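S.K.: As input, take query_24.tsv (TSV, C-alpha atoms):
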chain	number	residue	atom	x	y	z
S	1	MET	CA	-30.94	-8.98	-20.97
S	2	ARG	CA	-34.41	-10.53	-20.89
S	3	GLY	CA	-36.64	-10.45	-23.96
S	4	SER	CA	-34.88	-9.47	-27.17
S	5	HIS	CA	-33.15	-12.14	-29.26
S	6	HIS	CA	-31.87	-15.23	-27.43
S	7	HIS	CA	-29.05	-13.30	-25.75
S	8	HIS	CA	-27.92	-9.74	-26.47
S	9	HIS	CA	-24.50	-8.25	-25.71
S	10	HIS	CA	-23.38	-4.85	-24.43
S	11	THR	CA	-26.60	-2.97	-23.69
S	12	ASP	CA	-25.28	-0.29	-21.33
S	13	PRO	CA	-24.07	3.03	-22.85
S	14	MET	CA	-21.21	4.31	-20.69
G	15	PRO	CA	-18.34	6.66	-21.71
G	16	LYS	CA	-15.44	4.20	-21.65
G	17	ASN	CA	-12.44	3.07	-23.70
G	18	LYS	CA	-10.12	6.05	-24.14
G	19	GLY	CA	-8.68	5.62	-27.62
G	20	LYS	CA	-8.23	7.85	-30.67
G	21	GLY	CA	-9.01	6.31	-34.05
G	22	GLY	CA	-12.30	4.49	-34.55
G	23	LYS	CA	-15.76	6.05	-34.60
G	24	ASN	CA	-15.90	8.50	-31.69
G	25	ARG	CA	-15.45	12.26	-31.24
G	26	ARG	CA	-15.17	12.79	-35.00
G	27	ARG	CA	-13.27	15.80	-36.34
G	28	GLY	CA	-11.22	17.19	-39.21
G	29	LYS	CA	-10.82	20.96	-39.24
G	30	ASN	CA	-7.06	21.24	-38.72
G	31	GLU	CA	-7.42	24.53	-36.84
G	32	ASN	CA	-3.65	25.08	-36.75
G	33	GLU	CA	-1.94	21.96	-35.39
G	34	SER	CA	-0.18	22.60	-32.08
G	35	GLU	CA	-0.63	19.44	-30.02
G	36	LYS	CA	1.51	16.31	-29.76
G	37	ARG	CA	2.88	14.07	-27.00
G	38	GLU	CA	6.56	14.55	-26.17
G	39	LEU	CA	8.08	12.70	-23.22
G	40	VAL	CA	11.60	13.62	-22.10
G	41	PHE	CA	14.23	11.32	-20.59
G	42	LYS	CA	17.35	12.03	-18.52
G	43	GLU	CA	20.04	14.00	-20.37
G	44	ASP	CA	23.82	13.65	-20.42
G	45	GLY	CA	25.37	15.51	-17.50
G	46	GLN	CA	22.05	15.60	-15.66
G	47	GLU	CA	20.68	13.04	-13.20
G	48	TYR	CA	17.16	12.07	-12.14
G	49	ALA	CA	15.90	12.58	-8.59
G	50	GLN	CA	13.00	12.13	-6.18
G	51	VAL	CA	11.41	14.87	-4.07
G	52	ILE	CA	10.93	14.36	-0.34
G	53	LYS	CA	10.08	17.85	0.91
G	54	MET	CA	9.16	21.23	-0.58
G	55	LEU	CA	10.80	24.56	0.22
G	56	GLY	CA	9.81	28.18	-0.42
G	57	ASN	CA	9.04	28.22	-4.14
G	58	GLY	CA	12.19	28.70	-6.20
G	59	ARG	CA	13.59	25.48	-4.75
G	60	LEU	CA	12.58	22.09	-3.34
G	61	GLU	CA	13.94	19.41	-1.01
G	62	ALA	CA	14.83	16.17	-2.78
G	63	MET	CA	17.27	13.26	-2.74
G	64	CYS	CA	18.75	11.28	-5.63
G	65	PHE	CA	17.69	7.62	-5.86
G	66	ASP	CA	21.37	6.86	-5.20
G	67	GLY	CA	20.95	8.22	-1.68
G	68	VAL	CA	22.01	11.84	-2.05
G	69	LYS	CA	19.87	14.52	-0.40
G	70	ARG	CA	20.17	17.88	-2.16
G	71	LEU	CA	18.07	20.99	-2.76
G	72	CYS	CA	17.04	21.11	-6.41
G	73	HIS	CA	16.22	24.65	-7.55
G	74	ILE	CA	13.26	25.14	-9.88
G	75	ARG	CA	14.15	25.99	-13.48
G	76	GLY	CA	13.54	29.48	-14.83
G	77	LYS	CA	12.31	28.86	-18.36
G	78	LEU	CA	10.60	25.67	-17.19
G	79	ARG	CA	8.89	27.77	-14.49
G	80	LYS	CA	6.12	28.25	-17.06
G	81	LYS	CA	5.61	24.50	-17.44
G	82	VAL	CA	7.39	22.93	-14.46
G	83	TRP	CA	5.37	20.84	-12.02
G	84	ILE	CA	7.21	19.76	-8.88
G	85	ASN	CA	5.85	17.54	-6.12
G	86	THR	CA	6.90	16.18	-2.73
G	87	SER	CA	6.66	12.67	-4.14
G	88	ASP	CA	7.50	12.60	-7.84
G	89	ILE	CA	10.29	11.85	-10.31
G	90	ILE	CA	12.36	14.66	-11.81
G	91	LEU	CA	15.54	15.45	-13.70
G	92	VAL	CA	18.11	17.90	-12.35
G	93	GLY	CA	21.28	19.15	-14.02
G	94	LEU	CA	24.65	18.77	-12.32
G	95	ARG	CA	27.95	20.69	-12.45
G	96	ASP	CA	26.00	23.97	-12.35
G	97	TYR	CA	26.21	24.31	-8.57
G	98	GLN	CA	29.67	22.73	-8.34
G	99	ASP	CA	28.04	19.35	-7.65
G	100	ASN	CA	26.03	18.33	-4.57
G	101	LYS	CA	23.07	20.41	-5.77
G	102	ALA	CA	21.18	20.01	-9.05
G	103	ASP	CA	18.67	22.30	-10.77
G	104	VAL	CA	15.54	20.57	-12.10
G	105	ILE	CA	15.96	20.70	-15.88
G	106	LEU	CA	12.55	19.18	-16.53
G	107	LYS	CA	9.71	17.55	-14.59
G	108	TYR	CA	9.09	13.81	-14.84
G	109	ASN	CA	5.31	13.38	-14.54
G	110	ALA	CA	3.59	10.58	-12.63
G	111	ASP	CA	1.88	9.23	-15.74
G	112	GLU	CA	5.29	9.12	-17.34
G	113	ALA	CA	6.36	7.09	-14.31
G	114	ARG	CA	5.21	3.99	-16.20
G	115	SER	CA	7.65	5.12	-18.87
G	116	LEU	CA	10.28	5.76	-16.19
G	117	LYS	CA	11.13	2.09	-16.50
G	118	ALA	CA	12.10	3.37	-19.95
G	119	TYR	CA	13.77	6.44	-18.35
G	120	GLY	CA	16.52	4.04	-17.35
G	121	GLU	CA	16.30	5.43	-13.83
G	122	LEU	CA	13.83	3.31	-11.86
G	123	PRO	CA	13.73	-0.53	-11.96
G	124	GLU	CA	10.71	-2.72	-12.70
G	125	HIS	CA	10.17	-3.07	-8.94
G	126	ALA	CA	10.26	0.70	-8.32
G	127	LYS	CA	7.23	2.32	-6.69
G	128	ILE	CA	5.61	5.45	-8.13
G	129	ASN	CA	3.45	7.85	-6.11
G	130	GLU	CA	0.36	9.71	-7.34
G	131	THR	CA	-1.47	8.74	-10.52
G	132	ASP	CA	-4.69	10.74	-10.90
G	133	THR	CA	-7.55	9.61	-13.15
G	134	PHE	CA	-5.64	10.19	-16.39
G	135	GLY	CA	-3.79	13.48	-16.68
G	136	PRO	CA	-3.40	16.08	-13.89
G	137	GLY	CA	-6.08	16.55	-11.24
G	138	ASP	CA	-7.75	19.30	-9.23
G	139	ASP	CA	-8.75	21.41	-12.25
G	140	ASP	CA	-10.57	24.16	-10.35
G	141	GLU	CA	-13.45	26.09	-11.92
G	142	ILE	CA	-15.87	24.47	-14.37
G	143	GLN	CA	-17.80	25.64	-17.43
G	144	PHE	CA	-21.08	24.58	-19.06
G	145	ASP	CA	-21.95	21.99	-16.40
G	146	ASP	CA	-25.00	21.13	-18.51
G	147	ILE	CA	-26.89	17.83	-18.59
G	148	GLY	CA	-28.46	17.46	-15.17
G	149	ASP	CA	-29.59	20.44	-13.10
G	150	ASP	CA	-32.23	18.40	-11.27
G	151	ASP	CA	-29.80	15.48	-10.94
G	152	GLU	CA	-32.51	12.94	-11.78
G	153	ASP	CA	-32.19	9.20	-11.15
G	154	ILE	CA	-30.25	9.77	-7.93
G	155	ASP	CA	-30.63	12.55	-5.37
G	156	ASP	CA	-29.53	11.20	-1.99
G	157	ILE	CA	-27.64	8.11	-3.18
Please render this file's structure as C-alpha cells.
M.R.:
Amino acid sequence: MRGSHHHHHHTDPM
Amino acid sequence: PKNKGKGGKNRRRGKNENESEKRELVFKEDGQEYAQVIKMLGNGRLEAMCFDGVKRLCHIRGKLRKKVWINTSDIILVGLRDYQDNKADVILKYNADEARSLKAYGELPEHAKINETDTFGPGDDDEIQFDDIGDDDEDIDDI
C-alpha cells in the first residue's frame, strides 16, 4: 500500500 | 483463498483417475408433486405440506435412502397415486443450494423464501483429517 510503485493492487493472499 | 471457480490457474490437475463426478440437478417429474417439510417423524417418514396447502406425511424413499436428505424446512419432490392420493412418497430430495434453481423447478416463485443455505455444500461434516498448518495458532491466540 505504501512504498512500492505509485499504487499497487491486490496485495492480500486469501 | 477466494473466488470459487474451476478453469483458470488454480488447483491444477490432469490424471483422469476414473471419472465419476458430475453435477446433476433433478426437477419435479410427471405424476409427482413438490412439497415443503414442516415437521419430522420417526425416520421412515416425515411431516410435510404441499405448497398448495395440503398437509401430508411423505414417506422416505427406499433406494434414495442411501442418498436422501430430508429436513424440517426444505424443498422436496414426492410421488402421488402410490398411496391413493393424500400422501406422497419423497421420490428425490431438493437441496437448499438447488433452491436458487427451484425458481427453475417451476415450483416456487421469484418471491419464494428458502431456508438453510450453508457455506457452499452441506454442513456439519464431523471428524477432520490432517489439520496441518497451525498447531501453535500464531498471529492470533485470544482474538
S.K.: Please identify all residues of chain S having at least one atom at most 12 Å from any atom of chain G, considering all atoms listed in the file, and return them as a VMD selection string.
M.R.: chain S and resid 12 to 14
S.K.: Between G:154, G:39, G:99, G:138, which is the closest to residue 116 of chain G once you count all atoms listed in the file?
M.R.: G:39
S.K.: Quick check, in Å to one decimal: how far apart do atom CA of residue 134 of chain G and atom CA of residue 107 of chain G lie?
M.R.: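 Separation of atom CA of residue 134 of chain G and atom CA of residue 107 of chain G: 17.1 Å.
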S.K.: So how far away is atom CA of residue 43 of chain G from atom CA of residue 130 of chain G, in Å?
M.R.: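 Interatomic distance, atom CA of residue 130 of chain G to atom CA of residue 43 of chain G: 24.0 Å.
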S.K.: If I take atom CA of residue 89 of chain G and atom CA of residue 122 of chain G, how far is one from the other in Å, to one decimal?
M.R.: 9.4 Å
S.K.: Measuring between only C-alpha atoms, which one of G:46, G:86, G:129, G:143 shows the shortest distance to residue 104 of chain G?
M.R.: G:46
S.K.: Neighbours of residue 136 of chain G within 12 Å (all atoms listed in the file; same-chain residues fewer than 3 positions away dropped), as a PDB file with C-alpha atoms, in the coordinates of the input?
M.R.:
ATOM      1  CA  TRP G  83       5.370  20.840 -12.020  1.00  0.00           C
ATOM      2  CA  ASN G 109       5.310  13.380 -14.540  1.00  0.00           C
ATOM      3  CA  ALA G 110       3.590  10.580 -12.630  1.00  0.00           C
ATOM      4  CA  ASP G 111       1.880   9.230 -15.740  1.00  0.00           C
ATOM      5  CA  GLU G 112       5.290   9.120 -17.340  1.00  0.00           C
ATOM      6  CA  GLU G 130       0.360   9.710  -7.340  1.00  0.00           C
ATOM      7  CA  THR G 131      -1.470   8.740 -10.520  1.00  0.00           C
ATOM      8  CA  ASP G 132      -4.690  10.740 -10.900  1.00  0.00           C
ATOM      9  CA  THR G 133      -7.550   9.610 -13.150  1.00  0.00           C
ATOM     10  CA  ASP G 139      -8.750  21.410 -12.250  1.00  0.00           C
ATOM     11  CA  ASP G 140     -10.570  24.160 -10.350  1.00  0.00           C
TER      12      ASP G 140
END
S.K.: Mind completing chain S with N, CA and C atoms? Output as a CSV table (one decimal), in the frame of the given file, please?
M.R.:
chain,number,residue,atom,x,y,z
S,1,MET,N,-31.3,-7.7,-21.6
S,1,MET,CA,-30.9,-9.0,-21.0
S,1,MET,C,-32.0,-10.0,-21.1
S,2,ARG,N,-33.3,-9.6,-20.8
S,2,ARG,CA,-34.4,-10.5,-20.9
S,2,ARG,C,-35.4,-10.0,-21.9
S,3,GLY,N,-35.7,-10.8,-22.9
S,3,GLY,CA,-36.6,-10.4,-24.0
S,3,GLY,C,-36.0,-9.6,-25.0
S,4,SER,N,-35.5,-10.2,-26.1
S,4,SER,CA,-34.9,-9.5,-27.2
S,4,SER,C,-34.6,-10.4,-28.3
S,5,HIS,N,-33.5,-11.2,-28.2
S,5,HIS,CA,-33.2,-12.1,-29.3
S,5,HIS,C,-32.2,-13.2,-28.7
S,6,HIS,N,-32.7,-14.2,-28.0
S,6,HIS,CA,-31.9,-15.2,-27.4
S,6,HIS,C,-31.0,-14.7,-26.3
S,7,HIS,N,-30.0,-13.9,-26.7
S,7,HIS,CA,-29.0,-13.3,-25.8
S,7,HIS,C,-28.3,-12.1,-26.4
S,8,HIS,N,-28.6,-10.9,-25.9
S,8,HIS,CA,-27.9,-9.7,-26.5
S,8,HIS,C,-26.5,-9.6,-25.8
S,9,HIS,N,-25.8,-8.5,-26.2
S,9,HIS,CA,-24.5,-8.2,-25.7
S,9,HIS,C,-24.2,-6.8,-25.7
S,10,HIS,N,-23.7,-6.3,-24.6
S,10,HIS,CA,-23.4,-4.8,-24.4
S,10,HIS,C,-24.6,-4.0,-24.7
S,11,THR,N,-25.4,-3.8,-23.6
S,11,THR,CA,-26.6,-3.0,-23.7
S,11,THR,C,-26.6,-1.9,-22.6
S,12,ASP,N,-25.4,-1.3,-22.3
S,12,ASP,CA,-25.3,-0.3,-21.3
S,12,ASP,C,-24.3,0.8,-21.8
S,13,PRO,N,-24.9,1.9,-22.4
S,13,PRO,CA,-24.1,3.0,-22.8
S,13,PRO,C,-23.3,3.8,-21.7
S,14,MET,N,-22.0,3.7,-21.7
S,14,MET,CA,-21.2,4.3,-20.7
S,14,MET,C,-19.9,4.8,-21.3
